[PDB]
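Trainee: Provided hereafter are the protein sequence and its experimental coordinates.
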Amino acid sequence: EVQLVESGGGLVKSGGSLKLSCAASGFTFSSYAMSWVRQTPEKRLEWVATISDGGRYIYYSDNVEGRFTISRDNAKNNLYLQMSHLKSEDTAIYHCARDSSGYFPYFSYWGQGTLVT
Amino acid sequence: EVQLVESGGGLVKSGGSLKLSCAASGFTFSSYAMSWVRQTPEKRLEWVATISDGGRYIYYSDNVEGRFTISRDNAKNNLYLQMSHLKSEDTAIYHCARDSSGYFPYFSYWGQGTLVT
Amino acid sequence: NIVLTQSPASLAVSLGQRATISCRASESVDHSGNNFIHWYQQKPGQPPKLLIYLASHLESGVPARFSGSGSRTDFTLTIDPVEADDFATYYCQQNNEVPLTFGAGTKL
Amino acid sequence: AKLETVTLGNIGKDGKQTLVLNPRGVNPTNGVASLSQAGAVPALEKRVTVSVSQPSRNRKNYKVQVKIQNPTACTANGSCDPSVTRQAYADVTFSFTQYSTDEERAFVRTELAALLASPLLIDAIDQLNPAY
Amino acid sequence: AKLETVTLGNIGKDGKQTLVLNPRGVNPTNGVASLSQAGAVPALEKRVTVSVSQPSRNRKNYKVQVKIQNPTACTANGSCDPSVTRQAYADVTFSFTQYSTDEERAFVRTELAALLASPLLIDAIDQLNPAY
Amino acid sequence: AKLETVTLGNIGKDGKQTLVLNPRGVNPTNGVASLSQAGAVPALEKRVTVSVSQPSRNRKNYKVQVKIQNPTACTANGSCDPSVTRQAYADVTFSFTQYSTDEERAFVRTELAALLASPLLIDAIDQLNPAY
Amino acid sequence: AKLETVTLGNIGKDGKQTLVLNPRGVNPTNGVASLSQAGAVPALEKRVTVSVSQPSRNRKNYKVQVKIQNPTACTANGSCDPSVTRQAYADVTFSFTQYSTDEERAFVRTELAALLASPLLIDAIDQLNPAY
Amino acid sequence: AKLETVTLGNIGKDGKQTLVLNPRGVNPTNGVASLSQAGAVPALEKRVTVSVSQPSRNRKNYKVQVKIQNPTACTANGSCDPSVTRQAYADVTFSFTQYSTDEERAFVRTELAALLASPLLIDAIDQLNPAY
Amino acid sequence: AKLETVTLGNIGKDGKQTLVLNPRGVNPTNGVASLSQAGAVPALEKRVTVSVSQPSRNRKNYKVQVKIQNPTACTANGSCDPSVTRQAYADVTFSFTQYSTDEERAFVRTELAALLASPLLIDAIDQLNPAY
């Protein structure tokens, strides 16, 4: 079964840095594209970033692009998200999604997520 | 390569006479039609004359027809332009063009030109 | 004479924006199904080169960022983003009739 | 992988058309996966097949094989329903040995995806001009 | 078109490599354009061929055919020149009839270029897993 | 010479029609140059071929050979796309020896261009009347 | 039409020559009109033939066929009458079906008359260079 | 590459003569590509051919061959045609292996091209003096 | 003439290398005069020979022959001696008649020496591209 077990999170003040991960077991990780999807405590879903198959083509959103990076490790099956500058609005759950077979994704599978502040 | 090296030019008073030429190396000269194209010092391009394959069909412009002749030598690969009466307006550069395969030309290749006054 | 009238006299863009230039024919130029309007480029210390023949066909030396279209009166040339070599003058000529009238040309 | 909808974008001579392929199961008789379009009549569908064959006691090589079939339709005089007039096929066969690593297999996949968008191959296929 | 040099970019699994290809002239026996890698000895380089056929009395339709091969060099001990260990092949063949338009042939070329980057054909080619 | 666009003017029974022929490369298998029109569908094009053959150990003569193929198109009842109904061919073969000068070869070229515009030949081809 | 005399003007490479042609009557064996040069002995003159065919049980279409020949006379020493050294030939053949109109057949005749004065076919015929 | 017109400059004994060669098509059976000078009476022309073995995967030896032949004309008395008294041949044949590199091939070419300007071989060919 | 030391300058691919050849005596049986480069281990040296037919009264054909061969060394493991992996040959053979003049022979030599600097043959040998 497709399973995405995240890690990281915690209580970090503004201007700091983080690194999340995603376990991604149950399928060939190095074939599919990946994504980070966030959910505010106001209960609205927003998009963060996508990374392609080999890590070549990367799409960020507007409120992410200046200060976050996304990467992956196809031999350790992990899916990272380095954070910086933490401008007091990103206090989400940060789900780890599996992208659909296609040109822009529609998020077939999901994960539990890690609370950040 | 198609190359058109002109000669002639100089400072000639009105009412005189000249003869230009064109080197025309790099292709079978006796297959294509030829042309003289002038460029005024006011930076506008004008047409002078065309001569056909064997020198049979000849087209002049209006300000050229009464006093210029055009000729060619298919054994020496030259392309001439005899001038007369030099009525103070023709002070151009006189490019030597190679005509396109067709019924009226569109001037595929060009040359440096010779300043006349 | 079929007088070709350039709609601008001079134009200036940056290295990113597109660039348009139009010629206006005195008469109809499209003869049977094809229109006889050609495009030239003259750098100031060089003889002119041919860019677009028969109003839509690129010459083999052109780096294929040029294009053209039109029908019987008005013929344009569009340059998707202008590079460093593209700053020159641009003449258009007329091939349908015997006197072979040319254009006035613009600058960049 | 697993058969799901392969929605392909930026298709066409201009590059604005998309195509969605809905899965139609795997044939057990020869191991050929199947994708197809969303038509009702089965003869008007654009279908894609794909199959990779293990090395048997005769062939000794792995063999990925992808096929593409695109029909076009038009109705004639005195006829009501559209028939099928043309077929534009495609047939890609890969071949690797037992000792090839996966980077050698991913080089050939991304080389072929880059040749098909090069001005030497978009002129021999769109315009049908040999490379001269 | 014209046999020029071909720089294939964003090639490979990671997508950071290049593969530059110089033309090697057509063949008067078959009419097959050929290309090879920029800087390598003969018979140890990556080859790309392409050939377009017209109708005849045999076949009533056109046929474009690309065919790439790329070896692997193993510098053994006690020898100055490398040997080849194995080849990897990919031969595409298209088939278009004489009434097919320009946007039907370009639809096939661009569908195949967009399909080779899909997780159905990633996992089928560089991993050799079939589609279930 | 070199293949470029051969735009022919003053064509037709009245003499006001033009035709532009865009080059489509040289076939290496038999040395036949090719010009064609600007259609999309390859069966609706007006094409011209031309080839001159060197004297081999069998034929002993130079042989220029020009062919012209003009199809016409019309759609029928219950049909959408236009098909091809007629073919109006032309086939000119020249033949010269090794010792012929170029003025002998240019006399035959300009003689044939002058016979085709004479009232004896514009009546046998336009009206299909034998010369009686 | 009528077998009259034919004055071909602007003939030759320079385009200043003439070639006048008197009729020599049709042939009841084949129906081939013939012409010859005005003032020359028989078997040392320039010949022009033309023949139009109708459909039959063999061929379903028309066939116009022009065929010109013109020798070269070498007055050798020790002989009063010249000999021929070599011939030069040009045989056009047109093919039109029974439903072809008047402006389709005149388009072929005038395209061929305008094509023989193009730098593709100047350089192919009087210079014997192929088209590259 | 593709055949084009080759203008050889400052050739000759004094070094102030030219030789303009036009292309003459590829022989389809053996692959030999011809060049010839634009001179009338094609029995007597400066002729240059070039022949390269085709790039195959299992070819062991690559072989380039260049031939030059130049006839001399003789207007013999009693004949309207010039004849060929004698020829002047040249036969250059290279030979490489499939592991040879570009600089090993370019060294042999520029060595042979610099021996022919050396005073050993402008005296062994022009004056026919054997080296001793 | 008499053999001397020949210094070939600006030879190579880039054109900035030398080749100093010392004389190595005349072979008394066939008359072939050798040159060789001063390199140690005489199994691997640049070697150039030249051979001219002797001037006799009743000789019909004069024939010059030049040969070049260049080995490449390989220090194989387990041996104290370098070996020869491969050669790189060149075989130039002229052919004249006894009525040929000095300028007819000097034209062929300076033509072959100017073809080898032309871009037709710096691409047919260095890159192994057949002309088409």
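Mentor: Structure's in. What do you need? Residues are numbered from 1 along each chain as shown, chains lettered A, B, ... in the order given.
Trainee: switch to C-alpha atoms for all contacts and neighbour counts from now on
Mentor: Fine.
Trainee: Angles on the backbone of the closest residue to residue D:34 other than its chain neighbours, please.
Mentor: Leaving aside its chain neighbours, residue D:34 sits nearest to residue D:49 (4.6 Å; criterion: CA to CA, 6 or more residues apart in numbering or on different chains). Phi and psi for residue D:49, reported as degrees, to the nearest 10, are phi -120, psi 160.
Trainee: Thought residue D:66 was touching residue D:49, still the case?
Mentor: Yes - using CA atoms under 8 Å, residue D:49 is in contact with residue D:66, at 5.7 Å.
Trainee: So residue D:108 belongs to a helix, correct?
Mentor: Yes - Residue D:108: assigned to a helix according to DSSP: H, G, I helix; E, B strand; the rest coil.
Trainee: what about the strands in the chain?
Mentor: No chain was given, so I picked chain A. With DSSP state E, the ranges of strands along chain A come out as A:6-7, A:17-22, A:34-39, A:45-51, A:58-60, A:69-73, A:78-84, A:95-98.
Trainee: oops, chain D please
Mentor: Using DSSP E, strands in chain D cover D:6-11, D:17-27, D:32-36, D:47-53, D:63-74, D:83-95.
Trainee: just how off-centre is the shortest one within its chain?
Mentor: In other words, strand D:32-36. Relative to its chain's centre, strand D:32-36 lies at 10 Å (CA atoms, centre = their mean, to the nearest Å).
Trainee: List of residues touching that strand?
Mentor: D:21-27, D:45-52, E:131-132 (CA atoms under 8 Å, 6 or more residues apart in numbering or on different chains).
Trainee: Tell me the residue of chain C that sits nearest chain F?
Mentor: residue C:32 (6.1 Å; CA to the nearest CA).
Trainee: can you pull the contacts of that residue?
Mentor: F:17, F:18, F:19.
Trainee: Excluding chain neighbours, what is closest to the first one?
Mentor: Computed as CA to CA, 6+ apart, the closest residue to residue F:17 that is not its neighbour in sequence is residue F:11, at 4.9 Å.
Trainee: neighbours around the one you found, how many?
Mentor: Number of residues near residue F:11 (other CA atoms under 10 Å in any protein chain shown) recorded here: 20.
Trainee: Relative to residue H:11, how far out is it?
Mentor: 47 Å (CA to CA, to the nearest Å).
Trainee: Residue C:27 too?
Mentor: As for residue C:27, its distance to residue H:11 is 54 Å (criterion: CA to CA).
Trainee: Give me every residue in chain D lying close to chain A.
Mentor: D:1, D:4, D:5, D:6, D:7, D:8, D:9 (CA under 8 Å from any CA of the partner chain).
Trainee: Of those, just say which sits nearest to chain E.
Mentor: Nearest to chain E among those, with distances taken as CA to the nearest CA, is residue D:1, at 4.9 Å.
Trainee: In chain D, which residue sits nearest chain B?
Mentor: Closest point on chain D to chain B, by CA to the nearest CA, is residue D:132, at 18.8 Å.
Trainee: Please name the residues that touch the closest residue to that residue other than its chain neighbours.
Mentor: Distances taken as CA to CA, 6+ apart place residue E:2 nearest to residue D:132, at 5.2 Å, with adjacent residues excluded. Going by CA under 8 Å, 6+ apart, residue E:2 touches D:120, D:131, D:132.
Trainee: Give me the subset of those residues lying in helices.
Mentor: Nothing among those maps onto helices, per DSSP state H.
Trainee: Identify the bridge partners of the spatially most central residue of chain D.
Mentor: Residue closest to the average C-alpha location in chain D (CA atoms, centre = their mean): residue D:68, at 3.2 Å. Counting by DSSP bridges, residue D:68 forms beta bridges with residue D:48, residue D:90.
Trainee: Can you report how many residues lie near the residue of chain A found nearest chain D?
Mentor: Residue nearest to chain D within chain A: residue A:102 (4.6 Å; CA to the nearest CA). Residue A:102 sits with 22 neighbouring residues when counted by other CA under 10 Å.
Trainee: Let me know whether the residue nearest to residue F:17 touches residue G:114 as I believe.
Mentor: Yes - in this structure, residue F:11 is within contact of residue G:114 by CA under 8 Å, at 7.5 Å.
Trainee: Quick one: residues contacting the residue nearest to residue F:17.
Mentor: By CA under 8 Å, 6+ apart, the contact list for residue F:11 reads F:17, F:18, F:19, G:107, G:110, G:111, G:114.
Trainee: what about 10 Å?
Mentor: By CA atoms under 10 Å, 6 or more residues apart in numbering or on different chains, the contact set of residue F:11 is F:17, F:18, F:19, G:106, G:107, G:108, G:109, G:110, G:111, G:112, G:113, G:114.
Trainee: How about the contacts made by residue A:30?
Mentor: Counting by CA under 10 Å, 6+ apart, residue A:30 has contacts A:52-55, A:72-78, E:13, E:119, E:122-123, E:127.
Trainee: The spatially most central residue of chain C sits in which helix or strand?
Mentor: Nearest to the geometric centre of chain C sits residue C:39, at 3.4 Å (CA atoms, centre = their mean). According to DSSP states H and E, residue C:39 maps onto strand C:37-41.
Trainee: Does anything pack onto that strand? Which helices or strands?
Mentor: The criterion is 3 or more CA pairs under 10 Å, 6 or more residues apart in numbering or on different chains; DSSP states H and E, and the helices and strands that strand C:37-41 contacts are strand C:49-53, strand C:66-70, strand C:74-79, strand C:92-94.
Trainee: distance of the residue of chain D positioned farthest from its centre from chain G?
Mentor: For chain D, the residue at maximal distance from the C-alpha centroid (CA atoms, centre = their mean) is residue D:78, at 34.3 Å. Residue D:78 sits 25 Å away from chain G, going by CA to the nearest CA, to the nearest Å.
Trainee: contacting residues for that residue?
Mentor: Residue D:78 sits next to F:77, F:78, F:79 when contact means CA under 10 Å, 6+ apart.
Trainee: Need the nearest residue in space to the second one, chain neighbours excluded.
Mentor: Spelled out, it's residue F:78. The shortest distance from residue F:78 to any non-neighbouring residue, by CA to CA, 6+ apart, is to residue D:77 (1.7 Å).
Trainee: So residue C:104 belongs to a helix, correct?
Mentor: No - counting by three-state DSSP, residue C:104 is not found in a helix; it is coil.
Trainee: circling back: for residue F:84, see how far away the residue nearest to residue D:132 is.
Mentor: For residue E:2, the distance to residue F:84 - CA to CA - is 31 Å.
Trainee: Now do the contacts for the closest residue to chain I within chain D.
Mentor: Nearest residue of chain D to chain I: residue D:132, at 8.8 Å (CA to the nearest CA). By CA under 10 Å, 6+ apart, the contact set of residue D:132 is D:120, E:1-4, E:25-26, E:31-33, F:24-28, G:132, H:2, I:132.
Trainee: Could you tell me which residues of chain D lie near chain H?
Mentor: residue D:132 (CA under 10 Å from any CA of the partner chain).
Trainee: Residue in chain D with the shortest distance to chain H?
Mentor: Closest contact between chain D and chain H, by CA to the nearest CA, is at residue D:132 (8.1 Å).
Trainee: And chain A, by the same measure?
Mentor: For chain A, CA to the nearest CA, closest residue to chain H: residue A:54, 32.2 Å.
Trainee: picking up where we left off before, and which of the contacts of residue D:78 is nearest to chain C?
Mentor: Chain C has its nearest neighbour among the contacts of residue D:78 in residue F:79, at 25.7 Å by CA to the nearest CA.
Trainee: correct me, but that closest one touches residue D:84?
Mentor: No - Residue F:79 sits out of contact with residue D:84 when judged by CA atoms under 10 Å, with a separation of 11.4 Å.
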